[PDB]
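There's a structure below that I have some questions on.
When the chains are written out, they are named A, B, C, D and E in that same order, and each has its own residue count from 1.
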Amino acid sequence: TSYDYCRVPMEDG
Amino acid sequence: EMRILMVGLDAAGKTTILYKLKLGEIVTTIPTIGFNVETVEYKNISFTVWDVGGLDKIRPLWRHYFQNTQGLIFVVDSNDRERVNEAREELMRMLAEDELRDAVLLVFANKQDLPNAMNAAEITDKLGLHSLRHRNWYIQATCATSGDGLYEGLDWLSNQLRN
Amino acid sequence: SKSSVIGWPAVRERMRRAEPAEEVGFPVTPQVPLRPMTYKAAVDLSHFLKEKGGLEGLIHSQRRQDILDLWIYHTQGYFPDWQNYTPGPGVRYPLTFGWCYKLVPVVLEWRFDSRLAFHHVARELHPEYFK
Amino acid sequence: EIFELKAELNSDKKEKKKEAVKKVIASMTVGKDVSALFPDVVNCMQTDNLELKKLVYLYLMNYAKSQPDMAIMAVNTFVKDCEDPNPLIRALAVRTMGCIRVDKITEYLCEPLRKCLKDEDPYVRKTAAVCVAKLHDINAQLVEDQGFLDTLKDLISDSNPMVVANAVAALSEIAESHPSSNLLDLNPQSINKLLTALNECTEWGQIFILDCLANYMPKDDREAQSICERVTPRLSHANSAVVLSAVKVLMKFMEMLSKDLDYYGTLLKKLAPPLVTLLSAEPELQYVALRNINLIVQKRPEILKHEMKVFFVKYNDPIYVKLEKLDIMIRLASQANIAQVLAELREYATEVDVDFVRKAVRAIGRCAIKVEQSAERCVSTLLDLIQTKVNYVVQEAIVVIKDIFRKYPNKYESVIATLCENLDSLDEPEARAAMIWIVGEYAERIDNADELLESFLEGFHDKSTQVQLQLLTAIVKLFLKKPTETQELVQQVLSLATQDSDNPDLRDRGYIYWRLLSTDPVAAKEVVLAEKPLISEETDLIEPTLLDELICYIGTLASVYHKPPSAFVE
Amino acid sequence: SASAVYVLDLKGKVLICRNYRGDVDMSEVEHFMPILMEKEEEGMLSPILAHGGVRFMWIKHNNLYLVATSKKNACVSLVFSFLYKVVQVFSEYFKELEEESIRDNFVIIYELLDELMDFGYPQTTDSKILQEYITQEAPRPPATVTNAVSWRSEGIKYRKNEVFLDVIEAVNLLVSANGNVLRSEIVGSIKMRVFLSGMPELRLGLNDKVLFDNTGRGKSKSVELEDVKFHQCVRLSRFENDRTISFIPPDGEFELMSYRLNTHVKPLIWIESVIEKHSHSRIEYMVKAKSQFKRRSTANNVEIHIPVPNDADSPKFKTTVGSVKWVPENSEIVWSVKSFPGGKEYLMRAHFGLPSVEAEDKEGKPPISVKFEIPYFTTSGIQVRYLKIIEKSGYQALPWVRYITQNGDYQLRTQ
C-alpha cells in the first residue's frame, strides 16, 4: 500500500 | 502510390483505358464482370488502378472499393445520351458517401469518335459537375483507342497527389 | 492557535457578507492527524475568542457555523461538529463540553458563561441523551 | 506396481508405509479403482502419527460400500482411538465412524458414540452431535433403541454454544426424517435459551439455530415481538446466508403480529435494506436472493415498493440474474415508475442475448397489462421497437401488441395503420397468428385488409395449425363486417379449408362457418362478431395455500424453483 | 446441506472429491459437465442444475467448478456461502487457486474438506484459526474452536500495537445514454489490518446518522448509512440498541463493515461520449472527461474503458493528457490518465477505420466504464472518530486509518 495513514484518537468518550 | 478507381457504366471503355495506360495496345476485351488491377507507373507515381466493371449486377459492390481511395476516374461514355441521366444518378449516388470523401475526381469523356459524341462542356453541364462540394473535379476528354488525352489526365492527377 | 490568526478577519468577512437569514465529495488533509475539539482546546479557543475579539454580540446563523467548521477542519485538523447547539425551545446552549458561550435570541447572538465548561446546562436541558 | 506398493505397505519402517498410503490416496484422487488394496492399508492404520490417520480414515470413508464385509476390521480400532487423551483424534474417529455406511458396523458403534456424547472437551461433542444424525440416516430405530434423542436434546441445555448449534442442526435433521411422532419442539424458555445462544455461536451456527425457528410459531403478540426483536439484529450480518435465514424467520413470524401497532411498520422498515443489500453480493448468491425476493413481493408487497432502481440490470450480470431482475421489475411496476421501467426495457431490447431480449419485450407486455395508465406509452415503445426491423424483436412485439389489444380494445385504432405496413415476410408462427388476429379483429380501420390476406392465402395447406385457424376466423370476420369486397374470398377460404384440408379442427370450424354463413348470415353478426366478455388475466400470483408454506422455505431449493418441497425431491 | 463437495476443473475431470453423506453417488459428477454444456448451449444457464433428482449447486472460480451436489430440499444460501468460504479458505492457504494447487496439496485439501464440513453442515471455517491445527508443514484443537470468541486465538503478542483501517469507498454509477443518472450508490468497506496483543475489545465509532440523531447533533456532517453489514466479530445486539460498534478483532486482514448508501449528488468523473459511426467507413469518439470532484484531490490512474466496435482497425488518437492504448483483446480503448486533478477536463478523440463488407452478427453496446481511484477522499463523507482499545493488560495502541475512493461498477451506457 503506497499511501499513508492518519492517526485517529483513542478515548473520545 | 495512389489508389485509383475507374467506376462508370458498362461499355465505357474503362478496361480499354486500363490496358492502354498500362500496356499500350487496345486488347480485345470481354465485358469484365469482376475487376482488374494494373499498376500504372506514370509521372513516377505508381497509380494502382482498380478497374471495376459497371454492369447492373456489380454497381452495388463498388462500396467495397471506396476505402483508402485517393481518387476516382468516373468514365462516362460520350456516345450514350440515354445513359448520362443514370451516369449523373450514379455520380450523385456515389460521391455523397462518407467513405471516399477525400477522393479527387477525374471524369473522362471517353469514346470521341462521332458527331453524336459530345465535348467536355455538354457532358459537364449534363452531369452537373458545378453542383459538387469539396471536390477537385476535373473533366478531361480522352480517346482510349488512340491514347489521346489519357496521359494528360494522369498528369493532372499526379499534380493533385501532394498538396 | 497560530494558523487561525490570518483567517480571523477573512473568514469573519465571508461570514458577515453571508446572509444570516462543480464540486462533490469531502477530501481529507493528508497525514495531518485528527482529533475532536477537546476540553483545554475549547478553553484556549474561548480565550482566543475573548482576547482577539470580533465574535461577541454578533448575529449567529447556521451557514456561518458550517463555513467556520469547514475552515477549522481544513486549517487546524479538528472534526467539524464541535459547534453544536440545542434546538429552538429555550436558550440555544452548546452541547460541546467546553464551549463557554451561550446563544440567546436577539437569529442568535453570543453570551459568555464561564461555567458551561463544567456545569453542563445542555445536559440540564437534554438529560436523557447524555446518559 | 500395486504389488510393490503392498510390499512397501507391509514394511517395518514408517517412511515407506507413509509414502505408501500417500501414494494410495493420490491414486484415489486421480480416479483409480484402488478398491482391491483395501484390507492391506488397514494394517497400516494403528499409527502413532495423526497426519497419517486422516488419510487412512479417508480411504476407509471412500471404500466401505465396495468392500463391506472387509470393513469389519476397523471397529476395534475406532473404539480403541475413542479413548485417546488428544481430543482431535477422538473427534476424527467420531466423524469417521458415522461416514462408513455399512450395516454390519453401526450396530457396534453406538457404545463409543454414547461415550463421546457426554465427553468433556467440546470439540468432540460438537462432532458427536452431528454424528448422531449420521447414525439416524443409516439405521433409524437403532438410535432410538439406543436412545440418543434424549442425550441430543440435553446438549441444547448446555453452554459453549457451538455444541448447541451442531445439536440443533442434527436435531432438525432428525426431526425432518420422522413422521412427526414425538415432535422435538420445546417451550418459549428454550427459545430464550437458543436466542441467547444465537449471539455467541459462529457465523454458521446462526443459520442452524434460525432454521430451528422456522418450525416454531408463537401464540401471542408480545411473544412474537420478543422473538422478532432478537432475531432482527441478524439483518446486519455480512454472511449472506445468515441474512436470508433471518428474513425467513421474520417473514414467518410476521404472520402473527398486529397491524394496528407500531412494530409492523418498524419491522418492514428494517427488512427492506437487507433485502436490497443482498444484491451487492456475489453473482451466484444474487440468484437465490432474487428468487426469494420474487417470493416475498408476492406475499408482502409493502416492503419493496419504493425500490425499483436496485433491480435494474447491469451489462455484466450473468444471464441467470438478468432473467430474474426483469421478473422483479415486473412485480414492482406501478403508476409511480412506469417511465423508468419503460425507458429501462427499451434499453434492454437493444441487446444480442436473444433469451433476454424476448424476455424484455414480454416484460413490456406484462408491465402494460399490470398498469392501465401507461399502455399508450407501452404501445408507442413497442412500435418504436418494430420500426427498427430486427426479426426476433418484431416477432415478439407483434405477439405483445396482440396481448394488449385483447386487453385494452377501446382506443387503439390509430396504431394498426402503422401495423398494416410491416412487410409481411414475418416468419415465426407465434407472430403470424398475432398479425392475422389484429387484421381480423380490427378490419374496419384497416381499409385494405382484403388485399393483404391474399398473401397469406397462397400456402394455406401447410403453414401450421394456428395460422390456418386464425385465417379461417379472420376472413369470416372480415366478410361478416364487409360483405362487398370479400365475397369470393370467404368462398375460396371455405373451399381451401373444407375440401383439401385434412386438419379436423380446421374442418370443424370450416363447416361450422359454412353452415352458419349459408344458414343465416344476418344472425352471424350476433353469433361470431360479438362483444367478447372481459378477459380474466393469467394471475401469476402463486396460490396462498402454497405461498404460506413457501415462506417457511426461503433460501432453499423449494423457493428457487417456486415449487413445494415434495414435487421435486426423490 | 451439501452432499458431496467436489472440485472440478474446466474439462470435467475431478481434481478432488469428498462426499459427506453418501446420498449422492460419486459417479454423478460425470453427469455435470454435459448438463452444463447443454444448459449453456441453449441459454437456460443457472447455478442449480438438475440430473433427475440430484441438484448441482456450483460456483465457477478461475479454473475450478466447485460443484457440491445435494438431493434433498437443500439450503441453497448455506451451500453457496459455504462454497465461497471454501474458495476463501483455499486462497488463504494457497495464494492462488488453480489446478496446480489441488494436485499438489492433496495432503492438506482432504484434511480441509474433512475439517470444514461434517455431514453437510459447515462448522469451522475461520482460516486464521484453522492455520493452527491443519498445517502444510497435529496438536489439540485450540480453545478458540470451542469458545464463543471463535476467530481469535488468545495469547497473540506483538511488540508494537498497530490497528490499520481502510475506509475504502466504491462509487457505483450507471448513467443511461440520455444523460441522466440512474443508480448512483456507494458501497464502502472498512477493511481492517489488526495487529494487537491479547483479547482486546475495540469500540469503533463512526459519524453514523442515527448515532448523531440519538445524541442530539443532527445538523452537522453525518453520513446516512442505509444498510450496514458487519463482520461476525461485531456484537450486533449492542449495535441494534444504541448504534455502538463493539468487536473483538481477528488477527490479520478482514472486512469489518460493508456499508451501502445512496447519493443524489453529481458523479465524480463524467464521460460525455459521442459517436460519429458512419456505416462501412469509420467511427469517431469525441469523449471528454470532466472531473466534478474537489480541486485538492488527485484521481490516480483513471482508465476510461470505451467500447470500440469489434472489427475496427488502423486507429488514431488525438488526446490532451494521458496515453491511449487500444486493447483489441477486449475491444475497447483503455484511455489511461495517470494524474487527473479535480476540476479539469481532458478531451480525447479516437478515430478508427471500419471494414467495408459488413459484419455477420450484431454485437451489442457495452458501457464506458472508468477505473478511477481517488485517495484521501471519501465521497459519502464518513469520518472515523475514535477507536477505543480496551484491554485487561492495559496499553496504548496506535490506531490508524486511510481513505480511498475506487470504482464499483462505474459504468456509463453508450449511444
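Here is the rule we use: a residue touches a chain if its C-beta (ideal position, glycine included) is under 8 Å from a C-beta of that chain, and two chains touch if they have at least 3 such contacts.
Which protein is which chain? UniProt says B = ADP-ribosylation factor 1; E = AP-1 complex subunit mu-1.
Set against the C-alpha centre of subunit D, every other chain centre is closer than that of B. Here E is the chain whose Cα centre lies closest to the centre of all protein Cα atoms.
More C-beta pairs touch across one of C-E and D-E than the other; that pair is D-E. Distance between chain centres (mean CA atoms), subunit C to subunit D: 57 Å.
A straight line joining the Cα centres of subunit A and subunit D is 46 Å long.
The mean-CA centres of subunit B (ADP-ribosylation factor 1) and subunit E (AP-1 complex subunit mu-1) are about 62 angstrom from one another, to the nearest whole unit. Distance between chain centres (mean CA atoms), subunit A to subunit E (AP-1 complex subunit mu-1): 24 Å. In subunit A, 4-9, 12 are the positions where the chain touches two or more neighbouring chains simultaneously. Under the touch rule stated earlier, the contacting chain pairs are A-C, A-E, B-E, C-E, D-E.
Considering their complex, residues 207, 212, 214-217, 219-222, 265-268, 292-294, 296-297, 374, 376-379, 381, 383, 385, 403, 405 of subunit E (AP-1 complex subunit mu-1) touch subunit C. Within the complex formed with subunit B (ADP-ribosylation factor 1), the residues of subunit E (AP-1 complex subunit mu-1) that make contact are 278, 280-282, 353, 356-357. Every residue of subunit D that touches subunit E (AP-1 complex subunit mu-1) in the complex is listed here, in rising order: 22, 25-26, 29, 31, 50-51, 54-55, 58, 62, 65, 86-88, 91-92, 95, 98-99, 101, 121-123, 126-127, 130-131, 133-134, 137, 160-162, 166, 169-170, 173, 199-204, 207-208, 211, 230, 232-234, 236-241, 243-245, 273-274, 276-277, 280, 282, 284-285, 287-288, 309-310, 312, 314-316, 318-320, 340, 343-344, 347, 350-355, 553, 555-558, 560, 565, 568-570. Note for the complex: subunit B (ADP-ribosylation factor 1) touches subunit E (AP-1 complex subunit mu-1) at residues 63-67, 97-99. Residue ranges of subunit C in contact with subunit E (AP-1 complex subunit mu-1), taken from their complex: 22-30, 34, 36, 62, 69, 79-81, 83-84, 86, 95, 126, 129-130.
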